[PDB]
């Protein structure tokens, strides 16, 4: 069985995936848990994500293929399938819809300008990671959820604990307990002190309409916070890294920002992001796939970055093509667990690029590229620092 996941080399896609896509799904061994089938062919990955015989509910109570020593528990979005999943996801779908995140664009741009101001005053070189990529989306999600600004540093510390694949088992537990107790507290605050935030809406949904349990309310609050903290923070840095090493693409996006949406989608397709956070599904019945049979009770994982370069789906899949037209990438997933944050992340990535490129027309790497350090043992690929001058 193939040891998995591969060790990332920057944001290179591992060359093994090219051969993997042209054979039957492979048997893989993760750091912990059951062995699994690994699916990399685009069509095979879409099938796993859309076919209800592949279930995240069925993985609860199993010895899941995973990165960390303790199998995951919980009763929320990552643990359920329809109809129960639908009941939870319906309650969050209003606030994260494109229609309701779009009014945040002006605020996101104002925040980006404040962060860039801070970089300017601090003087060159700046670090796009610590000075911009981390603060921007963490602030925004906190505002969406009604989380006080004072808790930013504490929550980023928890995010780093969550993000490291070598966090000691007992550190994860003790910090985890503290985080959960923190969120219990916030949910009581929102109960006494209602606001125009998402958690207030979710507290009412639970404690006045009885539409979700307390355990579900808590899991959704925790999930949205953690997701908001570990995802875009890394991806913003990744996208600026890719723009900085393709300077030819910079000036088009700087001068014609209407081109930024398609570029964000191409960068979503191109960037290999998810080293560790790939939830295995368990089959609930035998499924024929890729010429093998996945028996009931077996585990299946997907490689979206590999699917996103399947040459049967994307022309010249290994080329970064910033105006790429046919781009049905799986960078936000597919099926019922399709990213509920997709419109918010999309807006954050577009605004980040628009603001940074306009504010800092002379932006460039402040160190040689070979000197960049990538985060080691991270569940999500990302830079330790991104030194820039301008």
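Numbering follows the first chain given and starts at 1.
**Student:** Going by the mean C-alpha B-factor recorded in the entry, which is higher: 123 to 131 or 194 to 202?
**Tutor:** Per the PDB record, 194 to 202.
**Student:** Can you tell me whether 225 to 233 has a higher mean C-alpha B factor than 309 to 317 in this record, or the other way round?
**Tutor:** Looking at the recorded C-alpha B-factors, 309 to 317 comes out higher on average.
**Student:** Taking the Cα B-factors listed in the entry, which of 89, 262, 295, 241 comes out highest?
**Tutor:** That would be 295.
**Student:** Have a look at 172, 115, 140, 253 and flag the one whose Cα has the highest B-factor in the entry.
**Tutor:** In this record, 172 carries the highest C-alpha B-factor of the candidates.
**Student:** Considering only modelled residues of the same chain, in which third does the CA B-factor of residue 84 rank: lowest, middle or highest?
**Tutor:** Middle third.
**Student:** Considering only modelled residues of the same chain, in which third does the CA B-factor of residue 156 rank: lowest, middle or highest?
**Tutor:** Middle third - that is where residue 156 ends up once the chain's C-alpha B-factors are sorted.
**Student:** Among the modelled residues of this chain, does the Cα B factor of residue 351 put it in the lowest, middle or highest third?
**Tutor:** For residue 351, the deposited C-alpha B-factor lands in the lowest third.
**Student:** Place residue 1 in the lowest, middle or highest third of its chain's C-alpha B-factors, as listed in the PDB entry.
**Tutor:** Residue 1: CA B-factor falls in the highest third of its chain.
**Student:** Considering only modelled residues of the same chain, in which third does the CA B-factor of residue 271 rank: lowest, middle or highest?
**Tutor:** It belongs to the lowest third of the chain when residues are ordered by C-alpha B-factor.
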